[PDB]
Every structure is written in C-alpha cells, then in structure tokens.
There are 2 protein chains.
Amino acid sequence: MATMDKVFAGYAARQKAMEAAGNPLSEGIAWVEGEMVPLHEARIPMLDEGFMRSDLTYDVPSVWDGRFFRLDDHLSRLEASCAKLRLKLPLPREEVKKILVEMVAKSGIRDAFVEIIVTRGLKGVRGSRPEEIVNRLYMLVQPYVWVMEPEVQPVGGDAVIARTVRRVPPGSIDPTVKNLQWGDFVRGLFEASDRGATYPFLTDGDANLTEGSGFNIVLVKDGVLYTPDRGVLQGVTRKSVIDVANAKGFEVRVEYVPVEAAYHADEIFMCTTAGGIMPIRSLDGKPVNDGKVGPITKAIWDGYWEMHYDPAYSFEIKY
Amino acid sequence: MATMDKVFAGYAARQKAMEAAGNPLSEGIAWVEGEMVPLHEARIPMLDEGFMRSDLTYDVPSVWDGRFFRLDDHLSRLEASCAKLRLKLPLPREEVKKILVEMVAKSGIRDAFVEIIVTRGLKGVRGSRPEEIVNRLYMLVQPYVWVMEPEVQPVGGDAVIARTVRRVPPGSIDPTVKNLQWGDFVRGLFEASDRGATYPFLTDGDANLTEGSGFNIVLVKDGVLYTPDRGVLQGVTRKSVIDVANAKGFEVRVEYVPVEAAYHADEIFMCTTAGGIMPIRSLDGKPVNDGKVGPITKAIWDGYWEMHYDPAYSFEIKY
Ligand SMILES: *Cc1c(COP(=O)(O)O)cnc(C)c1O
Ligand SMILES: *Cc1c(COP(=O)(O)O)cnc(C)c1O
Ligand code: NA
Ligand code: NA
Ligand code: NA
Ligand code: NA
C-alpha cells in the first residue's frame, strides 16, 4: 500500500503549504460575466432562466499536483453535452482553456476541483424565439473535492443497491449529458444514510446497475472488469480505468451489468474525478468478497494516479 | 365569449395603468437574504449547493386584479414539498405570507406571478452532517406570466403527445414535489417546436398521460372530465377545476388516463397558475373534435376566473 502513501502524503504536504501561504484566493476563484471574482462572492442572476430550470450542462476537470488532468476530454464532453441540449459554448474552446489555466494559476491551488457550466441564459426555451436565446457561461476553481476521503480509500466504503429510488431513465433525461438535476441521486444519498451506508448504487428499474450519486460503478469478477454501458455518464475516470486496464492486460466489458452480479463480485469500486478510484468493502451491509480492497482495484488505483504525470493525459500549470 | 373579454379587457387596462405609473419596482421585487431587492438585481450564491444541484422545491401563487389566489393552498403544498425533501421552510409560514403581501404591495403589480423557493442551502447533502445543513429561502414577485397568451385562449393551442421523451417517473423524482428539474419538459418543448406545435403532453412511458411542461392536462369525454392521478403535480388550478366542475354538476375522475383517450376526447385543455384554463384545439396536428373551444371547457374557464373574487379562495391586497 505504498503508492497510496506517496500520493496522499504528497497531497497532505501541498495542503499544508497552501494554508501556510495564507493566500485568500486559494479558497477559490469564479468566472461569471467576463470577470474573475473570489468564490465566496460569486453569484448567479435569478433571471438566468436556464440556471433556474437547471436547463444547463456542466463538466468538472481536475488539477492534481499542479497538472491539469485530461482537460481536453472534459472540454470535448462538454461540447457534446451542449450540442445534445441545443446549447453552444459561449466562448471558443481554446479561450475557455486559457481562462481556466489562468484561474488555477492565480488561485495557487495545486489540487483543484474545476467546474464549467453552460446555461440556456436569461430567456428560457418556453415562449422565446430562437433569436432571443443567448447561452451563458460560468466557471469555478476550488480545492479538490473527495467523494471518498483519502483516509477511507485504503479500506473502502459502504454502498447499497438503492431500493427506494431508481435512476432517471435516458428517455426522460440523457445521462450522457452531465447535468445537475440530482433529484434521484439526492434520494439515494438519504436512503444510503438511512440504511447505515454512504454510497447509493442506482438501478435502472429493470434489474441492471447504472451509476451512483456522482460516480460510475465498476465490478471485478474472475479477472474481468464490468461497468454499465447504458443509463450512465461516460466518465473520464471510467475512460482512464479502461486505459489502465488495457495497459495491464485486463479486459473491461462496457455492457449491461445485472444487479445480481454486484452480490457475487470479487471486487467493487467507484470512479469519479472528485476522488479518483474509490473501493467498496461492503454492499447492503455485507462484505464484498473478503471485505478488503482487491488486487485488481489497487492496480487500477495505482495506474490512475501514475497517468496524472503522463504528458499524453496532462500538462503542467505555471503558477 | 363575453366573460373572456371582461377578464382580458380588465387585465389590459391594468397593464396600461402600470406602464403609465412608470414605477421601476413594477418590473419585480425579490427577497434573498432578508432584504427586498429589485428583480433584475437579485442574485443567488454559487455556493448554494442546494440551488446548484437543484436540491430544492418551489411553488407559485398568483395575484389577479389585486387579489391573491389560493395562497394558503400553495403555502400548504410547499410545506408538504419541503417535508418530502427533508427540507424546512426557513421562516414561519405566516411571516412568509406577510413578506409576500408586502412585496406585491410595494411592487404595485396587480396581476403577478409569485415564486417561493426553498433550497438545501450552502452545505449539500453529500458528506455533510445533519447539524451543518441550513435551508435557504428565495422569493420573487413579477408580472403575470402566460403559458398561453390571452389572444390564444379564445381559440386554443396546438399540442402533441411527445414521442422523443417521457415523464420522469415517480420512482426517480416525486412529481408531487414541485421542482425545477425540467430536463424532460425542455426536451418536450423542443420536440413540440420541431413538430410545428407548442405544448408537449408527456406520457409515463407505459401508455398513459401525465402532464406537460408546466401544466396539468384535462380531457373531456361524454360530459365527464378526466385528468391523470399518478405521475403529475397535484395542481392548485386542477383543484379549482374540480371545484368549478362539482359546482356545475360535472364529474371529474382523477385516475389513469390512457394516451388513446386523448385522440377521442370531445375537449382538451391544460390548467396552470401561469395562465389559468388553456384550451387545446389540435393534437398531433389534428383537430380536437370540432377544433373549437368546447362548452364544458368554457364553463370551467368562466368559473375559474369567477372564483378569483370569492373570499373563500382569495383576499384583496392593500397597495
Ligand atoms: C461526474 C459523475 C460521474 C463520473 O464522471 P467523471 O468524468 O469520471 O468525473 C459519473 N456519474 C455521475 C452521475 C457523475 O456526476
Ligand atoms: C406548475 C405546474 C403545474 C400546474 O400546477 P398549479 O398548482 O395549477 O400551478 C402542473 N404540472 C407542472 C409540471 C407544473 O410545473
Ligand atoms: Na458535459
Ligand atoms: Na459505467
Ligand atoms: Na411545492
Ligand atoms: Na392531472
């Protein structure tokens, strides 16, 4: 369990140093209407009908150890999300990239959660002519967010297959469009908490796994990785999982994963930008296999963080 | 078609008078953090995790001809919406009532769209302890909004049964909780527009009608009114429709309404606070019956606006 120490110890050191620098901007910076403002003072107009009706999409790249991770993948997914929503990125993609690097640089944050939001704008879809709709852009940079805290990743967390809620189906809301309409996920969070666990796994209502509240799901069984194809966000972390798995000779099947498979899996882990590779030790109050972080999961964990220093997948920021 | 003239002519006169008064506050007033501010300057903090994840509920009473319509019904539905979301109205209900009356009074608006929003607050559900969650309140007053403009209600609008999208199911998001997660409704709006119509009727994906983008649906067939029970908001307008129908001896069945019934209906109309009683002359590009506003619909229209002057359902505002 060495590489986790090196990763987490490095993170700790950089957090210790950022508090020492006392920079007020290291609490976060936002981009709103062409202007960079401190995070705790960034505000959205109530007249942004888009934002009001959550008629928007968003995406969250990260910065780790001063390096932006797969930014172009996130920008490309955001553009595809916009197109599916009949939205348009209000600024050229390369300018968004420049602003984001500047914001991270000016903030001094070495490990950052970065968020880009495109909304319909001030005039909503209902009863407005196409000429009158002007999409709006919001961006943000802030310290890295953990869906699983570093102290838990060596042991793994507690999940449940949710039984009081199921995933919004693609015929209502396209799950490949990263969105903030979290009604089902929030029910899943409360259900997990009510049942004495932390992470909800949502079904599709048809006996298959989909995803959870802010993460994709992966099963390991007899040396093969399984993760749902339909009904889920096509995560960039999931993508990196496939890259590491291929590089290490593990097969990954992106396909229909029945709920039943979760109860027989050798290993389970979640993956997401806000936290990385997140092992699950128990499901529905029962141990996953031996209740430990599995070997294939640790290989995926190691490779995922290793690739944060591959220039094919990252670039360094000048602060 | 007299009573529509009296209603719309009165509305016109009051709009003519509000423009004459030139009051800048007659464009709207908002309540944000204890302070009343002009609408075009009201802003929401990006750190409102609730609002960000649309982890909120809301409700929209109206003011017509200087009288608040069924405010207590809306406040009661909002409280029930909060309870289902494990939210709490941050101020006592009677104080919210007082603020809203004051806001309408100070604004001078005689015909108003009024909106109350309760969000999870600055600390979201995920990874926060129950002690750290403080729900936040937002309110707004602005000129009356029409989902169907007065000029169209005498003739009726053009609807379609949506075929590219279906209603979010209650097992994902409780439709009796008025909410702003409009992903499916926005797809329905674009589909309607693509097909040359205006109003989408969403199915439940199981061959029954539910509701539309901001309105309940009612069918009239052989002297009986039909409106879906499950999968929809229990509208206050729908409630008033039942009151008028009962008073006039018409039966209303709140039950499963198959999609097939829409294609054989004698009359169809939508109902919502933002516009009232809204007849539909065509469905899927075909006439509804004779393509005219039907008689039972006009009786419902007349009674609905009549009851805006019944003290059992309204009170007058002192401006
Ligand atoms: C963000 C998120 C994921 C993970 O996607 P990444 O691109 O790896 O961050 C998966 N599912 C949902 C619902 C998410 O919000
Ligand atoms: C607001 C709305 C209605 C109508 O409800 P009222 O209380 O009559 O205003 C119906 N369905 C949806 C989805 C709505 O947003
Ligand atoms: Na996106
Ligand atoms: Na998946
Ligand atoms: Na409500
Ligand atoms: Na109904």
# chains A, B, ... in the order shown; residues from 1 in each chain; ligands from 1
>>> interface_residues(of="chain A", to="chain B", cutoff="8 Å", atoms="only C-alpha atoms", output="PyMOL selection string")
chain A and resi 39-47+52-55+125-127+147+164-169+171-173+180-184+186+189-190
>>> select_by_dssp(residues="region 70-308 of chain A", states="helix (DSSP H, G or I)", output="VMD selection string")
chain A and resid 71 to 84 93 to 107 130 to 132 183 to 194 236 to 247 259 to 262 295 to 308
>>> atom_distance(atom1="CA of residue 49 (chain A)", atom2="CA of residue 121 (chain A)")
6.0 Å
>>> residues_near_ligand(ligand="ligand 5", cutoff="12 Å", atoms="only C-alpha atoms and all ligand atoms", output="compact mmCIF listing (two decimals) with C-alpha atoms, in the first residue's frame")
# COMPACT_ATOMS: atom_id res chain seq x y z
CA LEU B 56 -34.89 22.42 -3.77
CA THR B 57 -38.63 22.77 -4.14
CA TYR B 58 -40.76 25.78 -5.04
CA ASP B 59 -44.30 26.98 -5.53
CA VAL B 60 -46.01 29.72 -7.49
CA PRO B 61 -49.11 31.50 -6.17
CA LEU B 71 -52.23 31.43 -1.32
CA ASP B 72 -52.81 29.07 1.60
CA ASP B 73 -53.15 26.09 -0.76
CA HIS B 74 -49.78 26.95 -2.31
CA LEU B 75 -48.12 27.51 1.07
CA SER B 76 -49.52 24.18 2.27
CA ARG B 77 -48.26 22.35 -0.82
CA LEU B 78 -44.85 23.99 -0.36
CA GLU B 79 -44.64 22.79 3.24
CA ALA B 80 -45.57 19.27 2.12
CA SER B 81 -42.97 19.51 -0.66
CA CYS B 82 -40.34 20.53 1.92
CA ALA B 83 -41.23 17.61 4.17
CA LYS B 84 -40.90 15.10 1.33
CA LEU B 85 -37.44 16.53 0.57
CA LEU B 87 -36.42 20.48 3.89
CA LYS B 88 -37.89 23.00 6.33
CA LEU B 89 -39.45 26.35 5.46
CA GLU B 115 -42.49 32.39 -6.68
CA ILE B 116 -41.23 30.86 -3.44
CA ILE B 117 -38.10 28.68 -3.48
CA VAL B 118 -36.57 26.63 -0.65
CA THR B 119 -33.10 25.13 -1.25
CA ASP B 174 -41.61 12.56 -6.88
CA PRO B 175 -43.80 14.62 -9.28
CA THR B 176 -45.98 15.78 -6.38
CA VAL B 177 -42.90 17.73 -5.22
CA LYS B 178 -42.95 20.89 -7.35
CA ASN B 179 -39.39 21.11 -8.65
CA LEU B 180 -37.19 22.83 -11.22
CA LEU B 233 -48.19 17.62 -9.85
CA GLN B 234 -51.50 17.93 -7.98
CA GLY B 235 -52.09 21.42 -9.29
CA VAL B 236 -53.99 24.12 -7.46
>>> closest_residue(among="A:107, A:216, A:26, A:135", to="ligand 1", atoms="only C-alpha atoms and all ligand atoms")
A:216
>>> residues_near_ligand(ligand="ligand 4", cutoff="12 Å", atoms="only C-alpha atoms and all ligand atoms", output="count of residues only")
43
>>> residues_around(residues="residue 195 (chain A)", least_positions_apart="4", cutoff="9 Å", atoms="only C-alpha atoms", output="PDB file with N, CA and C atoms, in the first residue's frame")
ATOM      1  N   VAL A 160     -24.904   0.600  -0.984  1.00  0.00           N
ATOM      2  CA  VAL A 160     -26.140  -0.162  -1.064  1.00  0.00           C
ATOM      3  C   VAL A 160     -26.703  -0.044  -2.478  1.00  0.00           C
ATOM      4  N   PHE A 190     -29.887  10.048   0.855  1.00  0.00           N
ATOM      5  CA  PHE A 190     -30.624   9.902   2.102  1.00  0.00           C
ATOM      6  C   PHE A 190     -30.920   8.442   2.404  1.00  0.00           C
ATOM      7  N   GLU A 191     -31.278   7.661   1.381  1.00  0.00           N
ATOM      8  CA  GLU A 191     -31.544   6.244   1.608  1.00  0.00           C
ATOM      9  C   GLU A 191     -30.300   5.542   2.144  1.00  0.00           C
ATOM     10  N   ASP A 284     -24.863  -3.497   0.849  1.00  0.00           N
ATOM     11  CA  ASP A 284     -26.068  -3.861   1.581  1.00  0.00           C
ATOM     12  C   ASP A 284     -25.722  -4.436   2.957  1.00  0.00           C
ATOM     13  N   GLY A 285     -24.682  -3.893   3.580  1.00  0.00           N
ATOM     14  CA  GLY A 285     -24.273  -4.349   4.891  1.00  0.00           C
ATOM     15  C   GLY A 285     -23.546  -5.676   4.924  1.00  0.00           C
TER      16      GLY A 285
END
>>> residues_around(residues="residue 296 (chain B)", least_positions_apart="5", cutoff="12 Å", atoms="only C-alpha atoms", output="compact mmCIF listing (two decimals) with C-alpha atoms, in the first residue's frame")
# COMPACT_ATOMS: atom_id res chain seq x y z
CA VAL B 218 -57.62 17.50 -18.64
CA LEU B 219 -59.75 15.50 -21.06
CA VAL B 220 -63.49 15.93 -21.56
CA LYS B 221 -65.42 12.97 -22.95
CA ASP B 222 -69.21 12.49 -22.97
CA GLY B 223 -69.75 15.08 -20.24
CA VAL B 224 -67.11 13.75 -17.81
CA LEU B 225 -63.72 15.30 -17.04
CA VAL B 241 -61.16 22.89 -11.90
CA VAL B 244 -65.95 24.52 -10.54
CA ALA B 245 -66.86 21.16 -12.10
CA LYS B 248 -71.68 22.92 -12.07
CA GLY B 249 -72.62 19.25 -11.76
CA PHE B 250 -69.77 17.83 -13.86
CA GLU B 251 -67.98 14.72 -12.64
CA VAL B 252 -64.16 14.72 -12.57
CA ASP B 266 -64.56 15.85 -27.03
CA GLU B 267 -62.44 18.62 -25.50
CA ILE B 268 -58.93 19.08 -24.15
CA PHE B 269 -57.47 21.83 -22.01
CA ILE B 277 -57.50 27.49 -18.16
CA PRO B 279 -57.89 25.11 -24.31
CA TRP B 301 -62.81 28.86 -17.76
CA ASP B 302 -65.65 31.12 -16.58
CA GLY B 303 -65.93 29.52 -13.15
>>> closest_residue(among="A:286, A:16, A:264, A:123", to="residue 109 (chain A)", atoms="only C-alpha atoms")
A:16
>>> atom_distance(atom1="CA of residue 155 (chain B)", atom2="atom 4 (C, counted along the ligand's line) of ligand 2")
20.9 Å
>>> select_by_dssp(residues="region 68-279 of chain B", states="strand (DSSP E)", output="NGL selection string")
:B and (68-69 or 112-119 or 136-143 or 157-161 or 199-203 or 209-212 or 216-221 or 224-228 or 251-255 or 267-272 or 276-279)
